[PDB]
Every structure is written in C-alpha cells, then in structure tokens.
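Shown next are two forms of a single protein chain, provided one at a time as structure tokens under the names structure 1 and structure 2.
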Structure 1
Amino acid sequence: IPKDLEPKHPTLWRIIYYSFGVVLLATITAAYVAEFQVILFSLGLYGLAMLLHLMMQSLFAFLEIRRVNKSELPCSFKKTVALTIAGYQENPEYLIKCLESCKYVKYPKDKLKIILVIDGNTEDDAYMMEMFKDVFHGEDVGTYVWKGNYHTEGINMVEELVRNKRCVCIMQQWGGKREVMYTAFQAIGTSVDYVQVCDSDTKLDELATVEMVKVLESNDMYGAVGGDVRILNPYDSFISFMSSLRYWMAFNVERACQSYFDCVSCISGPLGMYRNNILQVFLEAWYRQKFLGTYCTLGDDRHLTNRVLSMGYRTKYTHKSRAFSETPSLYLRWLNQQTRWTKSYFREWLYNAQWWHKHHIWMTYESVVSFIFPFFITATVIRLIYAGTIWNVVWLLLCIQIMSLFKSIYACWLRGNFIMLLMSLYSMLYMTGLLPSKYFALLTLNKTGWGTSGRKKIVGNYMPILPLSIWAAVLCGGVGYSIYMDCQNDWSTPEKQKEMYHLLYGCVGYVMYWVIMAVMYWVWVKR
C-alpha cells in the first residue's frame, strides 16, 4: 500500500550529488596536501573550518527547535501504538523501571498495546515473564513460552496472542536482538498504525508517545521518528558523565540539524517510532541483510532507519519526547560499545551510499565529512608528532584543547546551564581510546558477537587492549623521537631562548587549565 517514493528524475540528481561529494573530497584533500607541503596558521585554519561547521550545524538545529516549539496542533487519540520491548538478561531493577514507565504512559489504554520478547526459553529467563505478569496483572495479559523462533505449531499461538490481546509476553530461543525484533514485528501484522521500539533498560516519559504521535501525524511523508534519550545513571563513573554530555550534544545538535532537512541518519533504539505499513513492507529485507564487511549478516535500528530512508520516507526528530537509558561505566565495556557502533556505522555507510538523491544534499555532506574526518585527524597528529620538535607537539596539544574549549563554550551558550564546560575533557578520550577503537572496528568488520553481555553475569572481553597498546606505543615512540631530536638540537641563540620561554609558558598554561578542569569536575561531583 505505501508507494515507494522516488525523485522525479534519476541520473539527474544522483550524478549531481555524487559529483558534489567527489568535488568536496578532492577539495578537502587538496587543501590538506597544500598545507602539508607548503604550524600555527595551518592548525588555526583547521580550527576555523571546524568552527564554521559547528556554527552551521547549531544554526540549523536552533531553527528546527524554534520551528517545533512554535508549531502546535491538538492530537486526536485515534492512532493505535504498539510498544515492542526486547530483553536478554536485563537487571531486575532496569526491567521493572521500564515496565512501570510503559504502564504509566499518558496514552489511552484502548489505543496502546505492549509486547515483550525474551531472548531465551530456559529456566534462567522465567523471572522476566514473572515480573511482566506481576506488573500487568489486571489487564488482558497473555504469555507464551516458545520452543523456537521463526527461523528454526507455536507460530499460530504467538500471532493470535499478539494480535488479540493488549499485553503480550513471549519467550523464544536464543537468536540475538535481531530474532526478538523480527518476531515482534512479524507478530504485529496490521493490528496497529505505529510501532514504537524500546529496549528493556529504558524509562519513558509520559508525554513521549503523545509527542511522537503528534509529530508523526502532521504529515504523511514522515515514516519514522526518534526522541531525546538521556542517561538515568550519569554519576555511576566518570565515563558516564562524558557519555551523557556526548548524548546531549548528539541528540540536540546533529539530530536536530538532520531533522531540519528531514535526513535523520539514525533513530535511537530506546526511543523510536515507525509507521507500521512501511515496517511490514521492509521487514523481510531488513532481516535478510548481508554483504556488509564481506558477507556477514546484520540488522539493527540504524539499518531500520536506512531502510526507511531507502524507501523514500523522511525521518523526523522531536525534542519533546524524553527517555532515560543506562550506559556502560567500565572503560572496556564503553570501548566495546563504541567498536560495535562504529562497525555498524561502517557497514551501513556502503548501503546508504545510494539513496542520496532522495533526501537533500546535507546527508551526503555529513556522510562524507564524517567518513574523512578521523583519517585526516590521525594523519595530522602523526605528522605533528613525527615532526621532531617539542614546540610542534606542544602547540598540537594546545590547539586540540583550545578547539575543544571553544566547542564547549558554544555548547554552554546554546544549552544555557554551564555544566557543559566539562565536555572539553572528551579530547583525552577521543584521541587515546576512540581512534584505535575505530581502527579496530574497521579492521574486523567480518566478526560479530555483540561484545557486551546482559546485566546479570557481567563479564570480561578485554580484547580492546591491543589497539590501545598499539596507539600508546606509537605515541610514546613519536614523542621520544621528537624529544631526542630537539635535545640534540642547537641552543643558546636568541630564537631558541625565546622558543624555550614560550614553550615553558605554554606548558604552564596547559597544566593550569588541566588542574582547573580537574578541580571543577571534582567539586561538581562532590557537591
């Protein structure tokens, strides 16, 4: 029924967009090589380019936010919504919080259907069904324990229970997050109009569903939408705070700017809603996806958004829908999550290379700049480290910190609550543990296995140490070579005397800024 949207003429938008991407890449590369072949002014130029990109993104985000806030329209509670949740080994506390949040959603009960799928049918997963039965005791609740999946009878019972009852709980054999999502989507059928997806560690605000329905009911062109998912445990560790700041920056700058042009690249898994008809149209193709990083099968929320964009339906984003989701506090769990995210992004980049002619040019621009940024950053860092002077390394570090400080100041301006100044410490995490993680994710696209287990039997998987060790060894060798060369250089001349004083003052300022940031973080985490 939903027609596959397509622009009026191909070979006329596709060619122009591909040529624009190639021209942009060639121009950026040419400027980079020109700077490389013919120290302060080059880094300054890079800083101004990043600053201009930030101003463009922030202006578009502000315009979108003002448009959303100004525009309003009363909602007619006539569209059915189905919340689908998946649980592998979730902690009882997070699961109970999610269940209560779903139950207390400020939506009519005759237009809301809750379905939960448990990834496991053994005796160690019956507790999730027990809590589900305890929570929705007074409603039309139906529970089943399947002995298999859709790709292993019970199919008729599962479909009947899902389509004929409000609250449904189904166990199934272990098949990963893809299997539970596929089972829920297949059992949905055509019962509802909107399908909202949610993880079993996400607490939902009461007005999130209402606002998402409002933004999806304004125009028929929209096919998917996402919300502003936040962190419910931002004080568990230092990395949790950084994850919260990064989440807020993402969902309030990048998502808003993409929604201004209706090209939201990714819809958050914990908070996302899709049109039922389109979802049922592309479900089978979504499950049967491969040829990404060799021939390994894939499928996730990012692939769902990519399919929605491929069919021609634009994806929106509203800031009035709020949710809280937990994030890893351990360093290695966070690294594994980042590697999995980067693997998914790299796999989806090839699939989303096409479909660019359907939704604007900002998608292509953002995709190409995000693809080329880490490589150029790594090349610049390697060149400046291998230059062989303490001077160059010192201003390299100083420029990396000044750019981060300016970004954090602008973030404080647009946010308005001043806690955002702590984001300036994200450089020490991006340039030491995130770039090697990205390289590892690029080098091992053919592998899989999620990486992080459920929150019952927390486990190890200390694999990311190898990229970290390699990066640390490379950096240490570079700094050692530079310090050796500069110590074996000439001195006692006025130029070198002034250089020594300037670098001493720069180091003093750097350490003062570092201790100021540390004191501010300590005071804000203690008081």
Structure 2
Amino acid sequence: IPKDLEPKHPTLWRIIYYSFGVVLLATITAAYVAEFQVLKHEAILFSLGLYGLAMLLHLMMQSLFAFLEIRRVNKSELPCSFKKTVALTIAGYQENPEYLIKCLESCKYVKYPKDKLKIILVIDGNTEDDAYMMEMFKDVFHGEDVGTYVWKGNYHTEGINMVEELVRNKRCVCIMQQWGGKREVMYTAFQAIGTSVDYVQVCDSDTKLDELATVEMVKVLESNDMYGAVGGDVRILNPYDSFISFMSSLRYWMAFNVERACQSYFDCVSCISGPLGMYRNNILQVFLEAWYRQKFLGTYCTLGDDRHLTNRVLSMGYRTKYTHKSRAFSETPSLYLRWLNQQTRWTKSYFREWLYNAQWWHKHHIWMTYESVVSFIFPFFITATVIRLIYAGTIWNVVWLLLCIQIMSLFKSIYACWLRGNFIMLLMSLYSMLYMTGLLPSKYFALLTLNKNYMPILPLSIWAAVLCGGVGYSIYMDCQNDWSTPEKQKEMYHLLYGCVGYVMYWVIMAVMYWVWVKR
C-alpha cells in the first residue's frame, strides 16, 4: 500500500540539493584556504578565522537543535490507545547463557498487553550445539503459546510452511536455522512475520529492555502516519569494565542525546540503533526483498544492517524519529583492538552507505545533506591541519594545536554536562586522545579497503611514526634558533602559560576520573 512518496518536482529538488552540497563544500574549502582573520588583537598569537567561526556556528546550531528536540519530546504526551500489534524480533548466534536469559526476562516483563505483543527468536546454526538457547527460550516462556522449530535449511538454501504458520499463528516462537549470518536470521524473521503485526521491533540477544521501551516507541509511532521508523536511547551494562568502556558509555550518551536528537528534530535520523528500533510492517514488507539483495557496487555487505534498514526507510520518503523515553542496555568491548575492530567496521559501513544515502537527499530536510557533507569532509581537514601544524617547525604551533583540540573537547563536554544535568560528562573531553590516535587512522584504513585481528596495528604505527617524526623535526628546528628576539619571547610567554594550563587540566581531569571511578 505505501508508495515512494516522491516530491512533486523530483528533478528540480535533486539538482538544487546537489548544487547546495557542492557550493557548501567549495565554500568550506575556500574559507579553510583563505585564512581570513575576523577578530584580532595584539599580545595574542591566535585569532578567529572564518573556518573557526563556521565550525563554532555549526556546533552552536547542533547543540541548540538537540536541546529544542529534547525539550519538545519531554513536554509532549501521547494517548497510546493500545490497539496496535507489536512483534519483538530477536536474533542469536552464540549468546552467553548469562545475557540471553536477561534479554528474555526483560522481553517477558515488558509493559505492553500480551495479546498485542508477539515474541520471535531466530537462532543461527542448527548443529545440535545451539539447542541450549531454544531450551532456555522454552523455559522462560513455559506457560504461553510456544512454537519451537528446528529448520534443517534456510530461506536461501516443507520447512518454510511450518515456519510461517508457527510464526503467524502462535505468540512465542523459536526457530533454529542453518548458519547464514546476522542478515539471514533477520530476513527469515521478517519474511515469516507476514502481515500479522503492525509494528516490528528489532532487538539483539544481549540487549536488556526497559519496561517502557515498547510502549513509548508505539506511542511515538502512532502520533503521525508519516513516521516509518523510530529508535531509542541505548545504555551500557558494563561502564566500569575498563577505561575504554567508560569512554564508550559517555560517547554513547553523547551520540544518542545530541546528534540523534538533532537529527530527529528534522525527522531525518540517519541510523536507527540495533538494540532499540521500531519499523512499520507494511513498508518493511515492501522493501525487505530489495534490502536483502543489496551489494556495494558488486560486493555483498555483511555490515551495518541497521543503517541499511534506516536508509531503505528513508528512500521511500518516510521519516525516522528518535525518542529518549525508551531505553535499553547493551554490552561494549572493554579491550583494545576489539573496540578498534568495532570502530573500523562502523566506519566501513558508514562509508559504504554514504553513497546510497546520497541518492535520496531531495526527499528530506536540507539539514540531512548539510550534515552528511560536513561529517564526510571534517576528518580530511583535521588531518591536513594536524600535518601542517606538526611540520610547521615551531613548538608553539604543536602546543596550540593540542590546546585548540582540548578546548573544543572541553566545550563539548561542558555543554553535555549542562544538558544532562550531571557532572560526569566533563570526562568526555578525554575522547580527544582516543579519536586523534586510533579513529583517524582507522577511517583511512576503512576507506582504502572499502571492498575488503592485529591488522589495524599498521595504520596506528604509521600515524605514530609520522607524528613522532614531526614533533622531533619541530623540536630540532626550534632548538636551532635565537630566542633573544622579542617575537620568540612573546612565543615563550605563551608557551609557558599554555604548558602550565595543559598540565593543570590533565592533572585535574585524571584526579576527577580516579575519584569518580574508585568510589
């Protein structure tokens, strides 16, 4: 029944949106190159350029829009007539017997009528070693409509009829199928769902669900018929496993309650999270076959199936939303090279889906294409500025680069602390050393191997070697100079104060981290 919902003049809007994107990129590059100083004074070896003003304006507008969306969501209340059917879809491969039980109990004890909620769990690898998950599923839902099937096959390898009738007629269903991947189980569940439900909620085998997540998502979906998908806030079960887990939790809060909120202000959320997400069933059934059979210019994709789901939803003119009243708890890596592998995978999926997302910019707000362009072009300018200031041959240059990076991080952390109302977000300033060391080389590693474990060590080694050589060259070249001149003396009176401030900031941040974590 739903259609593409194209605009009245698709070609004109396409042309003007592409022209706007090209003009924005050209203007940003011209402002970066020109280095035109706006505000200046003496006795200060730094100024505010047009590029810096543009970045500050972008940060200000993103913060303002996120705050406005959060306030609007908080103020409004919705009926939730409780007349819509929901299907909770869980996929499992080898989930820990400790996390799957929590997930199943959370799904069972959610706050939604039992005659409107139907739970389906699909398990990969019916090799007699994965029956411990079906047994636990049966144990959790002993006194309900339970249908369990072991399918010696798959949808892309009878069983199909039994699977479909069990999923569409029963309430709690557990299907075990041959191993095909995360896409295979999700496709099997979506196809077996049919037209038996109105909304399809997607979950993982590890996510612990809040009791109000389903009802809040249904409430936000029922308000407007234009909405096709919605997400929710995702928390972390283990924020104290290591230093990486704590930073990951802070980054999760930031990316969910600032970036995603700002995107949802214009109803153009780019990605719906895996653990929390609701989709309209009719649109999903429309685009399911196309979504399954998608390749990146001749290569199958096994990454970012939630980002691709959101892209498919957006490609039909249907807007995606975000609500913070629905919460869930997931698990994040606590070890290096594993968080690094996850970040590399996410960057690969984002780069691969950027080209597909660029096709449907005309159907949504101009903020979508603006943010896509700026987020795509920011890291390259980051690297160029870093290289130039590193190899400029002055110690004050690298010191000021570090100070500027930390100042931007501190501004973001202060805004996050004010928005959340809680003070732990000041430690979000510590993500600068993680982004500048691993994430930046990982972006280029993902870009150079877009078509495709101790492998991402090499980009880290190259980046570290380049940085160390640059710092050594700058130190050598400033060691061979005469500082008796009154210009290098003002440079010295800046260097001393900057170093003192930098060390003091590092000391207070480390002390605050230890105080907040140890207690």
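The term rigid core refers to the most C-alpha atoms you can superpose between the two forms while keeping them within 1.5 Å. For residue numbers, the reference is structure 1: its sequence is counted from 1.
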Core aligned, which of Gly312, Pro234, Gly433, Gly293 has the Cα that shifts 2 angstroms or more between structure 1 and structure 2? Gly293
Under a superposition restricted to the rigid core, does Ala30 display a Cα displacement of 2 angstroms or more between structure 1 and structure 2? no
Rigid core superposed: how many angstrom does the CA of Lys8 shift between structure 1 and structure 2? 1.3
Look at the Cα of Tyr46 between structure 1 and structure 2 with the rigid core superposed and state its shift in Å. 4.8
